[PDB]
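The lines below spell out each chain.
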Amino acid sequence: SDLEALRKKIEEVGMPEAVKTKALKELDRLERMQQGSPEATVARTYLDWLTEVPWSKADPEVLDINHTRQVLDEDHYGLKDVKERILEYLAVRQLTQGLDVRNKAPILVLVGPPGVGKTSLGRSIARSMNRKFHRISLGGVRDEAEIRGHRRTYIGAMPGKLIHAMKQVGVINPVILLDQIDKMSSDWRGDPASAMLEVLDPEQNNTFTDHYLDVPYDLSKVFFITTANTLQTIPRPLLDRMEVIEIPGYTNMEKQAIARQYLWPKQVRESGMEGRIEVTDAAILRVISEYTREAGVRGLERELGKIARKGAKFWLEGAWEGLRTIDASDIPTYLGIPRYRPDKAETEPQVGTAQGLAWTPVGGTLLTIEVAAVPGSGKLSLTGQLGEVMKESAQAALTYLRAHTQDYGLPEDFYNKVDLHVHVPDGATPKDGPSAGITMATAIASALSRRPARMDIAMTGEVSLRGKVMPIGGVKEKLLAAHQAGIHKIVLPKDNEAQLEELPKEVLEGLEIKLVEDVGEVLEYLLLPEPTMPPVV
Amino acid sequence: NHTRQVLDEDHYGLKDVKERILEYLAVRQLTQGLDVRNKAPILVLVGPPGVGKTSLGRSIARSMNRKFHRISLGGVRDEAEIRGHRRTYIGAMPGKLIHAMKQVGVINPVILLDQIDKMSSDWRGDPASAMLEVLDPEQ
Amino acid sequence: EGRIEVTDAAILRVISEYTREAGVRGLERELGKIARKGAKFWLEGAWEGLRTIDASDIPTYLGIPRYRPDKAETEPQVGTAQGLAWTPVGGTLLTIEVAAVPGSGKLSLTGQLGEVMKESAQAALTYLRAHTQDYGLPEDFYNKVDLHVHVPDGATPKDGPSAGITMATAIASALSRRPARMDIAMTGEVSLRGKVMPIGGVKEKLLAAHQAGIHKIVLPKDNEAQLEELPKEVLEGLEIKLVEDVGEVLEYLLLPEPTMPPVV
Amino acid sequence: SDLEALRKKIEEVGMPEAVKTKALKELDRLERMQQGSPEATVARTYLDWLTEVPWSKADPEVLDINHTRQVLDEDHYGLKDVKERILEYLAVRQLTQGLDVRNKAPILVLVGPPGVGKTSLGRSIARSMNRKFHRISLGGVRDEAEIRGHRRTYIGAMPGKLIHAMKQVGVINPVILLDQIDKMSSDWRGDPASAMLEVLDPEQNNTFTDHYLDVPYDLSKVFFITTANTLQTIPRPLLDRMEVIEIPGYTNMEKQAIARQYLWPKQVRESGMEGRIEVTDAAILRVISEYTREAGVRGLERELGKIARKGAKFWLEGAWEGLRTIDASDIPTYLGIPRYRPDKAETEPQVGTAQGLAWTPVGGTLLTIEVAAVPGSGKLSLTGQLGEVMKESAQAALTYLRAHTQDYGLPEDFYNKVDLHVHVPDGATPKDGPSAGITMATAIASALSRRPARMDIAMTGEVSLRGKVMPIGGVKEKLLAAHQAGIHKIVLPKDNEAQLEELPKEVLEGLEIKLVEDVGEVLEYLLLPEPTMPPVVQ
Amino acid sequence: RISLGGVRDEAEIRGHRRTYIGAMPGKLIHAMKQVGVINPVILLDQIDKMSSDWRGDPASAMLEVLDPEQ
Ligand SMILES: *[B]([O])([O])[C]([C]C1=[C][C]=[C][C]=[C]1)[N]C(=O)[C]([C]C1=[C][C]=[C][C]=[C]1)[N]C(=O)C1=[C]N=[C][C]=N1
Ligand SMILES: *[B]([O])([O])[C]([C]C1=[C][C]=[C][C]=[C]1)[N]C(=O)[C]([C]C1=[C][C]=[C][C]=[C]1)[N]C(=O)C1=[C]N=[C][C]=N1
Ligand SMILES: *[B]([O])([O])[C]([C]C1=[C][C]=[C][C]=[C]1)[N]C(=O)[C]([C]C1=[C][C]=[C][C]=[C]1)[N]C(=O)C1=[C]N=[C][C]=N1
Ligand SMILES: Nc1ncnc2c1ncn2[C@@H]1O[C@H](COP(=O)(O)OP(=O)(O)O)[C@@H](O)[C@H]1O
Ligand SMILES: Nc1ncnc2c1ncn2[C@@H]1O[C@H](COP(=O)(O)OP(=O)(O)O)[C@@H](O)[C@H]1O
């Protein structure tokens, strides 16, 4: 029957003769098996899978850097450094031309907060080379099985993703993007990363061997791109064989540009609402500042989506012909009362308040740090779900201030006559780390001093007893947030000067960066020199 | 506007939900011309068991005036559970949408699907994959 | 079929006193029970016509109140503050209580509070420790009182930081003796500065409070954005106060002249 | 062979053709296989399972009627109301069997400590309908897998609790008792309780089935009864679907009647000592009180049983001609020295101590709380193996007293000068909960006040910090245990008022209940007017 | 004395289904053969130890053997 037709099919679909041999034996050895036998079902499915996966099929594929250069420009805004870097990479892969005949595939990672376009570029490249794009995501995958699969024997047996992807793509040479590269839970039963190496070692991969199939399969052609939010969660073996591109977020201007060129028209068009609605640029700036909080734009698309969709509903009811076009005042109508309306800080300096920034893979945030000096016995209380390493920095900061009673404007006997409370809202979300060493020191002096502190400035650094600010991480991520926030007057450890080169250059003269090498200078810059409140006694 | 009427008619309360459906639909019509544009979202009506997720299906169907039929995925084990096991030589038929597909005569109807979250996965014979084929306009 | 029916408030009473879930499913059953207890009533005995249920008649239909009204004690008290909480099932109205007793600044927080909530009591105590004169507190209560903050019931476990302001209100009326109004219910987070942060689960709390029968509320500005989720009909009878700062709350709540002698 | 032959019979039993055909298929495969080879043998085992599971081999369902009422009356003493409720439940069942819908009934659970004869009530209802009877005890099951069972040719799989029971039962319509429903762990691997809903909602009840079986079993035909010692650990998805009948325990005078009418001559017949041995009515009592601290009769059954055993051994060593009867005097011969002062904890004004109640699914317990005021720095120690919430209850109770020194005339200077120790023996048993607030308010207040506290009253309430006294759990269970212990006064929060209407009159008749909404009332009621010990200091 | 130590599967207790010589009857029958007679005391040592992992659960078998009804 259709199995006889299947015999004809297997041949038509080109594949190595060993595969023919194995497959034909399977076919023959099946007939006998009486149909409906669970074994029968399983054997048949294997046959079917074997036939559907792209063995020899080809796809017209091209590589002009310049043509591709144009495309990337065609489908993305800015990212000049990031764009150029890609071609600089891509280029060398051109020399290999297969044919190096060694040293191919030092593969890519795209790193940055989510919503920064990483996958979109992937999608852009693979059309740029007029070849197929597929998304395999590796988020929190706990097992090897997922990649190299479980043997055909066991119940609910299925080939790994890698095979799954290849059937579905329909050809032997697509761009494949493995994102959530670093969201792999690891080796809790066994290492699954390994199987990846099997995937991405050029020598190794030519005969990639899934387990559900019993045929080595070849992934030699495939192009691989990876995505991640940080590199601290990749095993080193993968990590040593990657070239790193960082796409670390956009700024309100960069976002506003992106929105009108790409995000706003898609959503109008997507909505079927083309030509009946539009937003002012002024409006959009309202959407960035007051409805979203993130480094990369995957909030703006979501909100600009809400508007476009609302519009359709409205019009059919409905109340326009031609454009209703929108501006700021017209936003809460579509989108609801603003989320982040302040009014901040106010920046009119306050007593025992200092502005610190913080970051994580999903982005950098701007968080305030508050201290209260109250009369009491010298008990210190540290709330805000502070981790322990942060609590030690309170101590270091507090202890530095303790020794230098005179130099700064401190009461000389707080240590046994006041109690400090150091708080860092919000209450729920955990916070840790020592990069906000100085910033607790500035807050504490204000409290004790009674001297207000500047709240235009937002600052970062670590502190020791000696009083030396020390280098710290996440400089670009944090400073973006300052910029987005509407802060334009940073503070930084000297030894973190270097990290400024990685910043996109435009912002740099949009930011005033004081490099401090010791603590004293932070305070001086931040503390007004006449106190407001009466001292605590 | 017409479909706006029903929901008020059949379901009480739920302004927000009532709206959010409405926008899905509205945007539906506009896009209808849909070339090359319609790869439109499919709807989920997430809710804790015991607050009439299904009715809102029927409120629409009446509204859209096309037939209504429902089928329950959760506790589903077979790919051939979603298409005939085979023509002849298993004890066999075509189900589970297909037969039920001809329960209501028309080509244009509405099906609603529920407890897709709950359907059997590893136990055997994935249909969870089958569905993607099942819904995608592409094939 | 035509044998029996329920007064609509009587339904109101089944929901409230016999249901505590998000779902209908509790309801159907209860509604289920009534009907088939009609039959034993009708198998026990026959009646001609329609027997019509009012709230009071419900308890005989397998009823007892096995949940009970959150209806509140409106008259003001000293060392208490209304509060709003939220569970996946629904929104609860909880009350907070504080004690002013002779002591040495020891602070106890009981009622199975969680670490985050506890911290909310420390932030709020510390903020009041700075502004004593400003709220009419003793200049140095901190040195000569021990203080205890309780949220009954004891069995049920609690957490979250949206309570700060309620605790602060409670705490203030503890040391000052000025009674704290209990028309009003408060959900708000507090910074050590006395700023009122936004909070979560706003729909459920106010509903919980509305059904309680209090129509006066406090809430952050930041949370105003989320008053578009409550149905209007609820909103018609809601006296919301929006606050950017905690001092705005105490002035609004604490009655003008104290009622009880100081600690001694 | 007849192993072929067995094949032939397998048509006999009566699958729907669907199941029959499926069966035939697997049987063929079986033949194919090495036969005998490992998979072949497991195939045989499935085949056997599959075939011998009960398919439409029902037995005549006797009807409900008054009669079922009377089968109850002989098999148990008392339970006036419970029986009615059982009966009333069944009346409705008929109409549902009048078939307005096929079925929409609620399953039921019987809740009471161990020994109250839940497990046998159902036994004697099955008898009412002539239906076979089978018990499944569900506690303690980690895994949803036991109820559902495993894969068919996994290879390693057994079907599970329902199939075995059913298959065993051998009929289509047996009664089944799901014992200790409330003890299912619901951990990972997965949650069994969910699995039940299929079992117990008709909707799936009629279709779905064990994972080892590959075919629906109509469990609509079965009749289900449930058993639990407490309602709080039964999943609300499960709880919502049931109708509850509550069996709390027995007072001593009831316990005598169960004992003489039912448990004494049951064991006597079993021992084979019928009419050669007998026990005095006041001899049973000594058995009840001196030899058993428990809320149900399993402990009585066990010791009355001990008399027959010793009764039988003795005879064979000897003789009456003759007839032997035993009164209080002649019991410790049979059992031993008693090991219970039956009544009482000494019910006299004691300084620093109060009488509290507590409970478990196991039963209720009287419990005495002790406080010592000893001069001090202001330290609280909370011995007695008190879980956290109980300690916190002691604090909140202490605070209210701290506020109101003037009112209850405690010493104003205590908290610097006085260390309070709160203890709740026995010390080796974990105790916990807020319903003892007032009891510690009383106990502590007596300790500083120096006024004895009445101990003819037992009490339970939670003391909110204002002083309010808050409604409370397990009312019936704590009140019963207080009858048995010989305390006949109870302090109880007002808001607990409703739960009294569900007290057996028997208990209700013997008690005085004070309802308090505030905690002055307690201290006013319990505390004697003038102290009996010089104050703690100065 | 029958010894139920780590008795794993109903192969004993309940006999091997007789499709080869290698297969043999459950221990009980081995027991009843050795003692001449039908009424010998039998003691099943270590009843707690046996567990049911792979081939049915012995305990079920044991119930049948010890159930006066069946
Ligand atoms: B610092 O270590 O670079 C900084 C610590 C910090 C100080 C003050 C307020 C917030 C954070 N780190 C972060 O911002 C940390 C990440 C971290 C922690 C420890 C060591 C290195 C890096 N991020 C957060 O704590 C955070 C981020 N976003 C929201 C809330 N908290
Ligand atoms: B607040 O953070 O939104 C609030 C804290 C609270 C309010 C009133 C009384 C005690 C605590 N949180 C809650 O409502 C919490 C649940 C919660 C906690 C953290 C984050 C989100 C939500 N509510 C409770 O703890 C609780 C306890 N018992 C019954 C109902 N809710
Ligand atoms: B109360 O919560 O109903 C009560 C308080 C109490 C008083 C005296 C001794 C212990 C506890 N608790 C109990 O009844 C508890 C069980 C409990 C705990 C928390 C909430 C509800 C119920 N009972 C016991 O601890 C206990 C100990 N030993 C024997 C019997 N019960
Ligand atoms: N630089 C950019 N220019 C234009 N569009 C962008 C840019 N970055 C992101 N987007 C748009 O925002 C959406 C989210 O980007 P996405 O590809 O999901 O990024 P990531 O994969 O890093 O989350 C995409 O649909 C993309 O079109
Ligand atoms: N009220 C009663 N009247 C007569 N016999 C009873 C009564 N309560 C219990 N029994 C007997 O005592 C024994 C213990 O009851 P049991 O069914 O084990 O209780 P449980 O349901 O808690 O397991 C049973 O054998 C039963 O015959």
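Residues numbered from 1 in each chain as written, not as in the entry; some residues may be left out. Chains lettered and ligands numbered in written order. Part of a larger assembly, values for the part shown. Heavy atoms only, no water.

For this deposition, the record names X-ray crystallography as the technique by which the model was determined and cites 3.45 Å as its resolution.

Enquirer: Tell me about the overall build of chain C, and name the residues and values.
Expert: Scanning chain C from N- to C-terminus turns up eight helices and eleven strands. Expressed along its principal axes, the backbone C-alpha trace of chain C runs to roughly 75 × 40 × 35 Å. Counting over 264 residues, chain C shows a buried share of 50%. Once local pairs closer than 6 in sequence are excluded, the contacts in chain C between residues at least 24 apart make up 76%. When the accessible area of chain C is evaluated, it comes to approximately 12100 Å², of which 50% is carbon and sulfur surface. (Helix = DSSP H or I, 4+ residues; strand = E, 2+ residues; numbered from the N terminus. Buried < 20%, exposed > 50% of the residue type's maximum accessible area, 1.4 Å probe, protein only. Contact = heavy atoms within 4.5 Å. Areas by Shrake-Rupley, 256 points an atom, 1.4 Å probe, with all protein chains shown as cover.)

Enquirer: Describe the site of ligand 2, with residues and values.
Expert: Residues and elements named next belong to chain C. Of all residues adjacent to ligand 2, which total 14 residues, the nearest are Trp 86, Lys 158, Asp 159, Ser 162 and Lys 205. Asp 159 places a polar main-chain atom, nitrogen or oxygen, 2.9 Å from an oxygen atom of ligand 2. Between ligand 2 and the protein, one listed contact pairs an oxygen atom with a backbone N or O atom of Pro 161 at 3.1 Å. In the complex, 79% of the free accessible area of ligand 2, which totals 610 Å², lies under the protein chains. Among the elements that line the shell around ligand 2, the one with the most residues is strand β3 (residues 80-86), at three residues. Taken together, the residues of the shell around ligand 2 sort by class into six nonpolar, five polar and three charged. (Near = heavy atom within 4 Å. Polar contact = N/O pair within 3.5 Å; in protein donor to acceptor, adjacent residues only side chain to side chain. Nonpolar A, V, L, I, M, F, W, Y, C, P; charged D, E, K, R; others polar.)

Enquirer: Pulling in residues and values, what's your account of the site of ligand 1?
Expert: All names here are of chain A. Surrounding ligand 1, one finds 14 residues, the nearest of these being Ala 358, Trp 359, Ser 435, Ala 436 and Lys 478. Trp 359 is positioned with one of its backbone polar atoms (N or O) 2.7 Å from an oxygen atom of ligand 1. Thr 365 places a polar side-chain atom, nitrogen or oxygen, 3.2 Å from a nitrogen atom of ligand 1. Expressed as a share of its isolated accessible area of 590 Å², the protein-covered part of ligand 1 is 76%. Among the elements of the structure, β10 (353-360) and β11 (363-375) are those that each provide at least two residues to the shell around ligand 1. Looking at the shell around ligand 1, its residues break down into seven nonpolar, four polar and three charged.

Enquirer: Any details on the interface of chain B and chain C? Residues and values, ideally.
Expert: If you look at the interface, chain B gives six residues, while chain C gives seven residues. Taken together, the two surfaces of chain B and chain C that pack against each other cover about 440 Å², and 45% of this comes from carbon and sulfur. Looking at the side of chain B facing chain C, the largest losses of area belong to B:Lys15, B:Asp16 and B:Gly50, adding up to 64% of the total buried there. Viewed at the interface, chain C and chain B are joined by zero salt bridges. Joining chain B to chain C, the criterion identifies two residue pairs in polar contact. Tallied by class, the residues present in the side of chain B that touches chain C amount to three nonpolar, one polar and two charged. (Buried area = accessible area lost by both parts, 1.4 Å probe. Salt bridge = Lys/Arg side-chain N within 4 Å of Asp/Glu carboxyl O.)

Enquirer: So, a positive patch on the surface: which residues are in play, and what are the values?
Expert: There is a patch of like positive charges on the surface, built from D:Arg123, D:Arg135, D:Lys266, D:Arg269 and D:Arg298. Position of D:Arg269 relative to the elements: it lies in helix α13 (residues 252-270). (Patch = residues over 30% accessible without salt bridge, like charges linked within 9 Å, V, L, I, M, F, W, Y side chains within 5 Å. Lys, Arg positive; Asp, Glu negative; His and termini not counted. Charge placed at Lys NZ, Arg CZ, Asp CG, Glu CD.)

Enquirer: Account for the domain arrangement of chain C, with residues named and values stated.
Expert: When its domains are assigned, chain C resolves into domain 1 (1-57) and domain 2 (80-253). With centres defined by C-alpha atoms, the gap from domain 1 of chain C to domain 2 of chain C works out at 39 Å. (Domains from an automatic or database assignment.)

Enquirer: Let's hear about the sheet that holds strand β5 (residues 242-246) of chain D: which residues, and what values?
Expert: All names here are of chain D. Spatial strand order, β2-β3-β4-β1-β5: five strands in an open sheet with parallel pairing. Because the sheet does not close on itself, it has two edges, and the strands there are β2 (133-137) and β5. With direction set aside, neighbouring strand axes in the sheet form an average angle of 25 degrees. Pairing of strand β3 (residues 175-179) with strand β4 (residues 223-228) involves four bridges; the strand directions are parallel. Its bridge partner lying in β4, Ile 176 is registered against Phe 224. Set on the sheet, helix α9 (residues 161-169) makes contact with β2, β3 and β4; between it and β2 the angle comes to about 160 degrees. (Pairing = 2+ DSSP bridges. Axes fitted to C-alpha atoms, helices over the stretch in contact; angles between N-to-C directions.)

Enquirer: Can you tell me about the interface of chain C and chain D, naming the residues and giving the values?
Expert: Each partner contributes to the interface: chain C provides 35 residues, whereas chain D provides 33 residues. Regarding the contact of chain C and chain D, the summed buried area is about 2700 Å², with carbon and sulfur atoms giving 54% of it. Counting every contact that joins chain C to chain D gives two salt bridges. Between C:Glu97 and D:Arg466 there is a salt bridge, with the nearest N and O atoms lying 3.4 Å from each other. For the pair chain C and chain D, the number of links is ten residue pairs in polar contact. Breaking the side of chain C that touches chain D down by element, the ones donating at least two residues are α2 (25-44), β4 (91-102) and β6 (145-150) of chain C. It is α2(C) that contributes the most residues to the side of chain C that touches chain D, seven residues altogether. Tallied by class, the residues present in the side of chain C that touches chain D amount to 13 nonpolar, ten polar and twelve charged.

Enquirer: Let's hear about the side chain of C:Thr132: which residues, and what values?
Expert: Mapped onto the elements, C:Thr132 comes out in helix α4 (residues 132-135). Each residue touching C:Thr132, except ones within four places of it in the same chain, is listed here: C:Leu137, C:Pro138, C:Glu139 and C:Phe141.

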